[PDB]
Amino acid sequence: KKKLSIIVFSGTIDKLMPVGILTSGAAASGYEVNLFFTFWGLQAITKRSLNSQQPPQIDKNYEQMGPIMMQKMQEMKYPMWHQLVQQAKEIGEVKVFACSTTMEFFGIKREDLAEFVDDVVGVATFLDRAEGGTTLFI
């Protein structure tokens, strides 16, 4: 069985969209997908971040291009990255993991995380799950 594992390190919207798109497409294709949220990505899956009214953060390197993208996505009614992940779970085999080390660094507790997080694990556990499939660091 085909497998895709992604270490979701980044927390800007322009990087979270690819995560959602890859996850959704891979799940639809019948892949096993493993997501490992760490550092800024882990911050992005906290309930506080997900419910924030503040406008999503685009990478400062491409600020000038931000509105074009945001405007064209809302125009297409394109789902948000987290909705893509949750829908993928319903359609295929998708597991969402939170990095335990980052949680200590940012003082994040399990209860602070989105309901769709399946487990809190360390690095080695993710390496073992990623073994043999395609693996990306985003």
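In this text, residue numbers run from 1 along the sequence as written.
Legend: mean Cα B-factor per stretch from the PDB entry, 49-57 versus 93-101; the higher mean is in 49-57. Stretches 39-47 and 71-79 differ in mean C-alpha B factor, with the higher average recorded for 71-79. In the PDB entry, a CA B factor belonging to the lowest third of its chain's modelled residues is recorded for residue 28. When all modelled residues of the chain are sorted by CA temperature factor, residue 120 is found within the middle third. In the PDB entry, residue 34 places in the lowest third of its chain by CA B-factor. Sort the chain's modelled residues by C-alpha temperature factor and residue 84 lands in the lowest third, per the entry.
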